[PDB]
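Remarks on the structure that follows.
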Amino acid sequence: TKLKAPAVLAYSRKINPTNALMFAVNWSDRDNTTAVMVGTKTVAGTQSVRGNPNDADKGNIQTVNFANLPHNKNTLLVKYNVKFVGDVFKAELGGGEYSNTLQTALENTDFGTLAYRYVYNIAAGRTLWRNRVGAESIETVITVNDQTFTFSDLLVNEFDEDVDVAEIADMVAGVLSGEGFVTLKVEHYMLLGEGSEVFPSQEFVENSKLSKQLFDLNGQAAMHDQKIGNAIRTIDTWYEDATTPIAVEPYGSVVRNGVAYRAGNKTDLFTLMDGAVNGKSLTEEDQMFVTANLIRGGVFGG
Amino acid sequence: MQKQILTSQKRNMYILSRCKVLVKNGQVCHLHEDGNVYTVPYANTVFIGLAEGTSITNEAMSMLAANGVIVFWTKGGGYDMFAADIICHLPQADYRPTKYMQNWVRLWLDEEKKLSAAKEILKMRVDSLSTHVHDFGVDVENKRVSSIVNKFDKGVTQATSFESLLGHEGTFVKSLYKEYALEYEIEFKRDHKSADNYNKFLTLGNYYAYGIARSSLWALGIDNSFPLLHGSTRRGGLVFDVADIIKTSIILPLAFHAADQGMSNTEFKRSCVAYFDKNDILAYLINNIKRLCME
Amino acid sequence: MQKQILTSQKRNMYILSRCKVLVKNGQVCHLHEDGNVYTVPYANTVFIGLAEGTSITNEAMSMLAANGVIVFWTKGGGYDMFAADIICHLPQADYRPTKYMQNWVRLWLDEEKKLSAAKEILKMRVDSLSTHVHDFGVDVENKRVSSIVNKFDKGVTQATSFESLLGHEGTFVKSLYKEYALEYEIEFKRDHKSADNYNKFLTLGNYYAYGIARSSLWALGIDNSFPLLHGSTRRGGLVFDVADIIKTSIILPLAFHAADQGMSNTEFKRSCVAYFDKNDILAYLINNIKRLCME
Amino acid sequence: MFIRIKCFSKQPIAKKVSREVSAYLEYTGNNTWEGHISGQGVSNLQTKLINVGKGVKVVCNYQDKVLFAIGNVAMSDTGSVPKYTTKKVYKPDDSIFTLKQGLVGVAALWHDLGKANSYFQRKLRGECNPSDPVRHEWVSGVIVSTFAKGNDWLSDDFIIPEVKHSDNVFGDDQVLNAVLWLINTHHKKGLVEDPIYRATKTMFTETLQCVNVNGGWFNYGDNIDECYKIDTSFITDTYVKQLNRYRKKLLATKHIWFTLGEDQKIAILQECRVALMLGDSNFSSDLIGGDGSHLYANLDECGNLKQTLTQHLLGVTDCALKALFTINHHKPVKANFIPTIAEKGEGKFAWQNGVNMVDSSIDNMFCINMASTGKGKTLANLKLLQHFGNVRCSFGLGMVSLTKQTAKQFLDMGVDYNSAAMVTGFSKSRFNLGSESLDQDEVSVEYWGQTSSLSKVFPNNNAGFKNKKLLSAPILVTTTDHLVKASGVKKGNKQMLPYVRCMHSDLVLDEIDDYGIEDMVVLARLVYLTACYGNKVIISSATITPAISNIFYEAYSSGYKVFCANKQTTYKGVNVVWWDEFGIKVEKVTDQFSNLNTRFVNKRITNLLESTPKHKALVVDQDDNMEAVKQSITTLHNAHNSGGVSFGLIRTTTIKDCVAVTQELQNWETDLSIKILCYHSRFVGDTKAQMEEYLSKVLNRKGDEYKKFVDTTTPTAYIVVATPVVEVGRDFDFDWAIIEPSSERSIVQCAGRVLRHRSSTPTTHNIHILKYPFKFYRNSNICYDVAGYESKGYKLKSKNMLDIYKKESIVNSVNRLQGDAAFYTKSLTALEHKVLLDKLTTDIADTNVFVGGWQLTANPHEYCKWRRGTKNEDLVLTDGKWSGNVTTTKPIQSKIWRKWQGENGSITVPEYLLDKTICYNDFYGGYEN
Amino acid sequence: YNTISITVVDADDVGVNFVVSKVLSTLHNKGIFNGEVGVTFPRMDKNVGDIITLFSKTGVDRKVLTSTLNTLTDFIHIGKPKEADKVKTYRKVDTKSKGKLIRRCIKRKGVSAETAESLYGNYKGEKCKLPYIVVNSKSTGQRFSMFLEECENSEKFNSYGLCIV
DNA sequence: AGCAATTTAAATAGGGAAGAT
DNA sequence: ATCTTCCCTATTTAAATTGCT
Ligand SMILES: [Mn+2]
Ligand SMILES: [Mn+2]
């Protein structure tokens, strides 16, 4: 007993998405993909900072980025490849006095549901935060091992039953429970309207710097890989007072709301893995949450 | 005054207010002292309850319980009872537990039947939501409430353990709480210590649901010491499990409406007792435990 | 709201006769048919009883039940040999401790476990005799009483059926009742419809032990509707086992002493209070059902 | 339990209590109830009988002793229930009460004459500095002294004369000087900086003539001429007649003032000052509203002009007169007759029947309870208090947790919260986890109790929760600092509440040896003040030194002389009750206390010595104490272990010493399985509390429940390195201890932490005393001053413990009990006794214990500071983030057995160590790195 | 005047106010606010709130506006039409910053650029701290911030739900 | 039916004065 | 002085009635 957790214990990320490159298409002209360019407009304004009152007279020529659709294409296309990898129970930096006990404590994990919610967050449009808002038509095409799947009307908040997501979830759960990998090429086509302004992900700027950096690969608007990884693991409906699916965190913590849902109420990942290697009976939902964290990965040492 | 409720189907639950209950001409009668004296039918009655301003005598009590009519003491409306006997087969020539109790207790033993009946009690919470539609309340068949209902049904059906069932309980109850807060334009969280009108009206309605669930469990001879969902150390968990059938369907819209107009507690009592009388909520709980126990 | 007084240390004890029980100005009281109003200490009352010509009201019953006072009605016996039917209002609004009922159910449903509990409870009256020894009447450790309880223990040890338990029950009751009769030099036959003081003092002690037994069972949430000893003659519920654990140890020598010294019934009421209070017979019964439930 | 309650209340309140008392007892008629109830039934009846309102007149009798008495019902002195009650009972030569009335009335009509200067008027209106150059009490004293020098101050018309700046206002007239000291010290006492005056001044006026304006009143002094130009608008009807009637009262009674002794004058003027601040704060708290303008005294919360000075002086006078009347004519509310005390102690408590050898009708009692630990000392103290009748006492104990332990003992034996009041004035956040319903512990702060009649004379109806628990408690289980302020304070009215508390209540001080020397001086000052009003002092200390026991007896004897000559009774002596676990002895001692006390001490020593030796201590020869600790740990594990598992306590002196011993033992290579704990006091709220509960549950050796809190399967050395926080108030039982020597009472106390619960005698040696303290390598001149009575005035000639202690010795209380003044420079015990008689002496000095003449001054509260510590700033951990220069560090992780983490709380760092980083760590708290 | 509620729900992944602003934009672009439907917000303390409240005098039904906000249905909630005798009506307040009025001084007074800087150099630069929304304007192709504050009720409203004059 | 507010009034307690031994 | 009787003296209990739930 009293199997104390290793200080070096970490797990690798098992859902690896690429950067979500963003293109402009039409709804019936889906093959002509023109890359959405981040424009950048200059704004003239004096600097106002707390530490330098002497520098407020002149300076701060700032040039803020923006990204709209072109005025001939009404559909935004978002392309990214989500790579699910198996052996989520292998610790990369941990070892096997604790990670092997985790293997033999989370073998009864229903990966079917875990994978369903992953592919449902892929398909329903959780990966399209501010640009699925106000779109009159949502479409998702998933290409997986030469199989094409079409999704039109999936409400993203609840994980309802559709056999299309389920079909992919099968091979995704077979990867995640076993050994190997699977790759889902996900292209989202959302009809926002003619010249509607799109929403790339944001680089962190300083308190000063410029107003807003949109995410650029080679000049073209895109969204962060870790931001999509936040979308995919947004499956946590099993904490106490669970209203909406949150991103599976080791503490159940969302930064933008200023509260942590699983921290400080004995449902955090660390107490559940210590309970698993000390062998108390877990329910299915918290064990699924622990396996979702191990799929997410991260260093758990102290 | 007097009033009539039903349990199985026959009008048998009779609540007496204001009337001293005595015996005249060898028959049990009652004297609304605020008026006259009326007799009580015997063949169609088994349950008699006594509200405020009411005194029964020993000889009337003996004749009442000697003819199969069993007596309980309650708050006004007959939906919060604090004093009764235990239901047996017949109250004269035998003293054995009720079939319903025995069935319940065997259901209690098998943990698989416990899980199964837990499920059935949760299903009937959703059934109550529908059956008992409110004019002032939200529609149940709209997209958000039906999405919550099918999410709860899919969660209960696919559940294999009790902890997942209680997690689904928490998310269903909050979801209905946040949706009724959504339509009433408030930011409501369920706290029993909270001093606003919505929470304390919900707490009072929960107490009246506990009382009517206690009457429904007592009416079939089943003690409230056998919780389906709640833990084995929770005192009176079965009365909480029975009251959860009507708590999210009847107590919640009545309490939110009565906090919306913001009137006092006595006509909130009157609204709750009137809603229990008109749609026979105690009868539906009786038939609920009927279809729970016999299978 | 504080600890609300635990039931085993409740001390007051009454059976009210020819008085309407009411509430004046805060307290529960009883008003006889001459204008006399005597207050009932409801916070320390274990049980009240209601004889012929008694009539309790609603809020009086509520103040007894919410405080936790079990209330019965003495009349109802209509057979020739049996104390037939006593009607008893349980305070179920206080939600009870649960796992003691679960333990009682797990011993009740298993037939060999009920027989095992039947065994230990039959020798519980034997050890009751040994512990609760009066200063008057017989001495427990004489040759005749020890010989009959030794034959009783030898026969109940080799017993295998509940009808054998009923037969040995009958020989035990005949043996004790007649030995007490011999000591007090009277001829004794137990008839509940007799004018002899050894008999109606025994029926008064039957009512007293009934009230003590429902307060002991309700203090642990145990219903009367689970009789671990049953039969054609023995059909009263669990009260006719936890009530006559303490006949031949407490009540029957006290009833014979009260019928030998021969003042009124009130000295017998007060003597039952004194012996149930000094030796803590209620807490003794509760602790015995405690060591029954977890074994 | 059979009780009987009788009620003699009037009005409809009589009927409202009848509902509750008829809810719990049967009605026997004629407003008398009688019946059987339980222990907690009596409590629920108390709680809902007192809370029902004011005017409840209830007497309860359990068998024939009175259980409780609600209100000031006279009830029973001999018989119970009177009949023709009426007034004019005794009407004596009260004399000293008329003296206190005259002094308080004359001073209270003159206490605020000095607010009439123009500076105080513009201070209240707010166009100058709110701090006066000279305080208004001194200006009023200048007014009264100038009026006395000019006209005859006792029988003349008043008229305020032209006053100037006077450095001193104290003359020779003893009564005038009393009035002047009451006027000047109605806010704060004068402070004398002068060393010759502090050296020599003893008498009443002869010390009071040294109280000048420079002792706090003369703040800055640039507007003195405006501070002494005064208007005379007080000459009205009711003020002049009140001044005349009180001055003539004083005139008629001052003939008994010269027949008083010094001790009387000091105590009477202390009572007068306490009543004067009571009346002044009572009238300053409430808002009277009406005013006659042109002159003002106080300000409201809005700063508006209120309480004009004529009616302010009149209100302070009547409130102080009423304060005096209720504090001098109070039959105070006492505790319940606890029925679980009065029966006989069985087995190891069988000595508690020594109360059946004490007289139950003695007006005074000085208990010296020399019983050893584990015998139930506090229960015996409650038994001794209840032997004289109903209990009214203040259990003043060191530490919060020891008050919690005595409260839990009082709760589970027989005492409810209607009689007990646990007071810890810090609101600590140490909560009980695991199960709130299944706790049956954690004594809390509610006090249903009974509000005393003294709350109406305090400011704004006493206070909220805390002062109601202070004043109105029958039994006040409190930390001691809520009682030592009775002897007096620097600034404010914080003296009055413990003063009026200790006036009508007994004082029970347990383990007074753990306090400091100045702490013990002010505790014996409190003992003297408690004995000044006839209350009984119970001292409960096993390791008492004759010096301490003597000076506490002399303080009680001076107090009982005050009380005897105050009621005009001839002083027969003090009923001294020597007590231990082997016997009791009650003697009427007016003189020769020393021979009787030493004879009882020798009898207790002979009753301790024929018992088996439980603590055999060997002083090690190894010079270096690091490897001495190593070798002693190895030896006492190889000798003293329970099947391979042994518990060791390394008692060291200070915190960096503790972390040095810990960091050496963690890096110490050995075949022994050392498991190290740090147990000093510098720890965060969470971490510290966690250590406490764990240690209390693993070192409990009365049963084998600890086998499940540690790994006793594997042979392991469970070592706890601790500072003197282990030797005070800890119910710990170690297999053996290694002690760094600081004082001999530390040796006796850490012997009391070894085999505290067991009775098995050691074979070879269970204590290994180190050769030197670790301060020898840092300061060879003085090394025992930290946590010891060595100092700069008392230096050991040698620091070797072979020279200053026995090499093999059975350590018990005998060396501390005996008392030796000779050879104090080369033995630790005689060094200890020397200091104890040279600081707690029978003199008045200035920081001494018989203090007379200086009680009038602020000197015993400035130069004798209770809990005199270092500056002490508090670095606070807020949610894992430290406040100041802390820098969390990482411990050695070699042998730590248990380490609890902390996130909140605070650490107490001395200002000396604030310069550098305290470097807080999870294992060991504060150090120098 | 009878009124209807549009409460933004489940907008945590996206700010609540972005959904509120998109609700305003979709209510603008598909008609709704012709001249008589107005908006109000029950929870302006420092944020604009999460409830849009439409108090049209003729009466707003659920069906027309739920067909209008078909794009926001994933995170919207619509209450049944209730009544209110008094609604707390807000209006539009706009900000000007330097060059704005400079171009006005180009086109109204006809003065040169340097003297237009000269008359406005030490002036202007007001800073509105009122609660606001962020609006896509479609006729003028740039996105801006619109400030709302409490004013007396007006009979006529704009195409956005705010008071006129 | 219990209670509460609130009146109404009968009675209980006490203090002062005066008359006895 | 002590004690009793009687007159204030008003303070102190018990009943009575009656909306209110
Ligand atoms: Mn002052
Ligand atoms: Mn003042």
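Scheme for the structure tokens: letters A, B, ... for chains in order shown; per-chain residue numbers from 1; ligand numbers from 1 in order shown.
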
Check which residues fall inside 7 Å of ligand 1 when counting only C-alpha atoms (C1' of nucleotides) and all ligand atoms, and print them as a JSON list (two decimals) with N, CA and C atoms, in the first residue's frame.
[["chain", "number", "residue", "atom", "x", "y", "z"],
["D", 111, "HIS", "N", -13.53, 64.72, 36.96],
["D", 111, "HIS", "CA", -12.65, 63.95, 36.08],
["D", 111, "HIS", "C", -12.48, 64.60, 34.72],
["D", 112, "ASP", "N", -13.43, 65.42, 34.29],
["D", 112, "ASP", "CA", -13.40, 66.04, 32.98],
["D", 112, "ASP", "C", -13.56, 67.55, 33.07],
["D", 136, "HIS", "N", -6.47, 66.16, 29.15],
["D", 136, "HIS", "CA", -7.49, 66.88, 29.91],
["D", 136, "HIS", "C", -7.65, 66.36, 31.33],
["D", 137, "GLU", "N", -7.28, 65.10, 31.59],
["D", 137, "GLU", "CA", -7.26, 64.60, 32.96],
["D", 137, "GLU", "C", -6.24, 65.35, 33.81],
["D", 186, "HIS", "N", -7.91, 58.51, 35.19],
["D", 186, "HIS", "CA", -9.19, 58.00, 34.71],
["D", 186, "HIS", "C", -9.13, 57.58, 33.25],
["D", 187, "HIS", "N", -8.02, 57.82, 32.57],
["D", 187, "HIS", "CA", -7.77, 57.28, 31.24],
["D", 187, "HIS", "C", -6.53, 56.40, 31.20]]

- Which polymer residues have any atom within 10 Å of an atom of range 5-7 of chain F, counting only C-alpha atoms (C1' of nucleotides), with same-chain residues fewer than 3 positions away left out, as number ranges by chain? G: 16-19

- Query: as number ranges by chain, which residues of range 17-80 of chain E does DSSP assign to strand (DSSP E or B)?
  - Reply: E: 39-40, 51-54, 76-78

Those selected residues, please, written with C-alpha atoms and delivered as a PDB file, in the first residue's frame.
ATOM      1  CA  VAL E  39     -33.956  46.344 -26.674  1.00  0.00           C
ATOM      2  CA  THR E  40     -33.182  46.494 -22.977  1.00  0.00           C
ATOM      3  CA  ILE E  51     -30.422  38.862 -21.717  1.00  0.00           C
ATOM      4  CA  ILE E  52     -31.776  40.742 -24.721  1.00  0.00           C
ATOM      5  CA  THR E  53     -35.319  41.897 -24.003  1.00  0.00           C
ATOM      6  CA  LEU E  54     -37.637  43.000 -26.811  1.00  0.00           C
ATOM      7  CA  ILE E  76     -29.681  30.596 -26.985  1.00  0.00           C
ATOM      8  CA  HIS E  77     -32.840  30.386 -24.900  1.00  0.00           C
ATOM      9  CA  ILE E  78     -36.128  32.153 -25.622  1.00  0.00           C
TER      10      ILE E  78
END

- Give as number ranges by chain the residues surrounding ligand 2 up to a distance of 8 Å, considering only C-alpha atoms (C1' of nucleotides) and all ligand atoms. D: 111-112, 280-281, 283-284, 297-298, 312-313, 316

- Message: Taking 5 positions as the minimum chain separation for residues in the same chain, which residues sit within 12 Å of residue 111 in chain C when counting only C-alpha atoms (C1' of nucleotides)? Answer as a PyMOL selection string.
- Response: chain C and resi 105-106+116-118+160-162+228-229

Once you have the residues from the selection above, write them out as a PDB file, in the first residue's frame, restricted to N, CA, C and O atoms.
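Saved as out_27.pdb:
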ATOM      1  N   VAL C 105     -33.825  -6.314   8.771  1.00  0.00           N
ATOM      2  CA  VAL C 105     -34.352  -6.938   7.562  1.00  0.00           C
ATOM      3  C   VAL C 105     -33.487  -8.105   7.096  1.00  0.00           C
ATOM      4  O   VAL C 105     -34.013  -9.171   6.743  1.00  0.00           O
ATOM      5  N   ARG C 106     -32.160  -7.942   7.103  1.00  0.00           N
ATOM      6  CA  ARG C 106     -31.277  -9.028   6.685  1.00  0.00           C
ATOM      7  C   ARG C 106     -31.318 -10.206   7.653  1.00  0.00           C
ATOM      8  O   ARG C 106     -31.021 -11.340   7.263  1.00  0.00           O
ATOM      9  N   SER C 116     -32.177 -17.880  14.605  1.00  0.00           N
ATOM     10  CA  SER C 116     -31.032 -17.645  15.478  1.00  0.00           C
ATOM     11  C   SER C 116     -31.300 -16.446  16.364  1.00  0.00           C
ATOM     12  O   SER C 116     -30.919 -16.432  17.532  1.00  0.00           O
ATOM     13  N   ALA C 117     -31.970 -15.437  15.818  1.00  0.00           N
ATOM     14  CA  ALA C 117     -32.323 -14.276  16.616  1.00  0.00           C
ATOM     15  C   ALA C 117     -33.431 -14.668  17.572  1.00  0.00           C
ATOM     16  O   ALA C 117     -33.482 -14.184  18.696  1.00  0.00           O
ATOM     17  N   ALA C 118     -34.311 -15.569  17.142  1.00  0.00           N
ATOM     18  CA  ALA C 118     -35.370 -16.052  18.017  1.00  0.00           C
ATOM     19  C   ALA C 118     -34.756 -16.760  19.202  1.00  0.00           C
ATOM     20  O   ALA C 118     -35.261 -16.672  20.314  1.00  0.00           O
ATOM     21  N   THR C 160     -35.767 -26.240  16.776  1.00  0.00           N
ATOM     22  CA  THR C 160     -35.499 -26.067  15.355  1.00  0.00           C
ATOM     23  C   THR C 160     -36.661 -25.473  14.576  1.00  0.00           C
ATOM     24  O   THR C 160     -36.487 -25.167  13.393  1.00  0.00           O
ATOM     25  N   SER C 161     -37.829 -25.302  15.187  1.00  0.00           N
ATOM     26  CA  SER C 161     -38.998 -24.771  14.506  1.00  0.00           C
ATOM     27  C   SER C 161     -39.662 -23.718  15.380  1.00  0.00           C
ATOM     28  O   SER C 161     -39.521 -23.731  16.607  1.00  0.00           O
ATOM     29  N   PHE C 162     -40.390 -22.805  14.734  1.00  0.00           N
ATOM     30  CA  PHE C 162     -41.035 -21.722  15.466  1.00  0.00           C
ATOM     31  C   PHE C 162     -42.227 -22.216  16.276  1.00  0.00           C
ATOM     32  O   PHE C 162     -42.591 -21.590  17.278  1.00  0.00           O
ATOM     33  N   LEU C 228     -40.352 -11.390  14.464  1.00  0.00           N
ATOM     34  CA  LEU C 228     -39.446 -12.525  14.330  1.00  0.00           C
ATOM     35  C   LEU C 228     -39.999 -13.778  14.999  1.00  0.00           C
ATOM     36  O   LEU C 228     -39.557 -14.887  14.690  1.00  0.00           O
ATOM     37  N   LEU C 229     -40.955 -13.628  15.913  1.00  0.00           N
ATOM     38  CA  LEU C 229     -41.736 -14.745  16.432  1.00  0.00           C
ATOM     39  C   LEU C 229     -43.172 -14.580  15.961  1.00  0.00           C
ATOM     40  O   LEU C 229     -43.783 -13.531  16.186  1.00  0.00           O
TER      41      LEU C 229
END

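Chain copies chain C and chain B align, over all their C-alpha atoms in order, to a least-squares RMSD of 6.6 Å.
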
- With a distance threshold of 12 Å and counting only C-alpha atoms (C1' of nucleotides), extract the residues of chain D near chain G and express them as a PyMOL selection string. chain D and resi 8-15

Prev. selection, C-alpha atoms, output as a CSV table (one decimal), in the first residue's frame:
chain,number,residue,atom,x,y,z
D,8,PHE,CA,-41.3,32.7,42.2
D,9,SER,CA,-41.4,34.9,39.1
D,10,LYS,CA,-43.8,37.8,38.6
D,11,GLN,CA,-45.7,39.1,35.6
D,12,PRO,CA,-46.5,37.0,32.4
D,13,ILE,CA,-42.8,35.9,32.4
D,14,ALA,CA,-43.8,33.5,35.2
D,15,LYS,CA,-46.2,31.9,32.8

- Message: Residues of chain B within 9 Å of chain C, counting only C-alpha atoms, what are they? List them as a count of residues only.
- Response: 55
